[PDB]
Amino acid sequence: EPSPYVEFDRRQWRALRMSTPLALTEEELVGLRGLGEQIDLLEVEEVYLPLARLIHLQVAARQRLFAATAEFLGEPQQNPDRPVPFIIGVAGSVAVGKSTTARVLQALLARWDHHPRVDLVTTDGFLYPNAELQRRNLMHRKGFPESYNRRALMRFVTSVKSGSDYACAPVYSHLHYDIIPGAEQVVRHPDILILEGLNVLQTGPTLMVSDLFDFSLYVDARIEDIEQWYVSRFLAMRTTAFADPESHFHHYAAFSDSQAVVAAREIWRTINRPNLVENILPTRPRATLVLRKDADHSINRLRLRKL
């Protein structure tokens, strides 16, 4: 039974670190992890370092591929100070830790030798404004494929990967739970662009950003564990983000553990689980590398696409 994938346990995967240096301190790591995340420097060494190696081995090889098409076309040469940007997709369910995984990865690749311009963009900013969502009757579908301005998103990544000087992306506010009027994240010809979002690995009747990814990550975990992380993180936010009177969810701060648990579960039941099951998980088979986490948040199993 041949397979396009090859599996690894942490032991087998850490050995592939070779002599990749760790350019991240305990403090720096901290300002990168999210509430609830258990990621430590050891996990960054045994897991994120090999990955950082594999990515660098493929950034060069991926360039030969575009070089070929350039040659074929009898095109210039591609200023070495402006090669074709390596796009990386990071996917997974809400609360599975993917935003941390992305932030940490950007940190490791930025500290690679020639100091690459490694930008990071969350699909958060490509969600339709609340007003527009209400219009489409989608206010209770945030995160589902249809609640994002997919065309704009694709326009953005195509722009960057096609060598444009700069490209803009809207910015989403978690505090206000809506797109921020007039706010934009400018990305200027990075060497690497990481795109993090729920369905970035999705495929369809049109060319999508998944078709432009040169490498993709899917952070995974048993669904039940993710719900616990979700609920738990919800309760913890009563004294962090919800505490802020400006917060759209401020009314949640005064909930009892019990009341809050009921609320979190309902949201999970009606929005996040469905989206995970119907849209996110079906895209897992296509990811270059899947990071599997045990109930403790620890990455103890990995699946790589060798084909």
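Counting begins at 1, following the sequence as shown. Take the two forms, superpose them, and find the largest set of C-alpha atoms that agree within 1.5 Å; that set is the rigid core.
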- Query: Relative to this form, superposed by the core, which stretch has the greater CA RMS in 9 other deposited structures of this protein: 222 to 230 or 75 to 83?
  - Reply: 75 to 83
- Note on the structure: Assert higher mean C-alpha B factor (39 to 47 or 265 to 273, deposited values) equals 39 to 47
- Averaging only over Cα atoms, indicate whether 162 to 170 or 94 to 102 has the higher B-factor in the PDB entry. 162 to 170
- Item | Highest recorded Cα temperature factor - choice among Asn199, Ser216, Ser147, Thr206 | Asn199
- Deposited CA B-factor, highest of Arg82, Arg141, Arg233, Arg136: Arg82
- Task: Would you please rank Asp220 by its C-alpha temperature factor against the other modelled residues of its chain and give the third it falls in: lowest, middle or highest?
- Result: lowest
- Message: Could you place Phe72 in the lowest, middle or highest third of its chain by Cα temperature factor, using the values in the record?
- Response: highest
- Task: Name the third of the chain's ranked CA B-factors that contains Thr240, choosing lowest, middle or highest.
- Result: middle
- Quick one: classify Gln78 as lowest, middle or highest third of the chain based on its Cα B-factor. highest
- Item | Ranked against its chain, the third holding the CA B-factor of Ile192 | highest
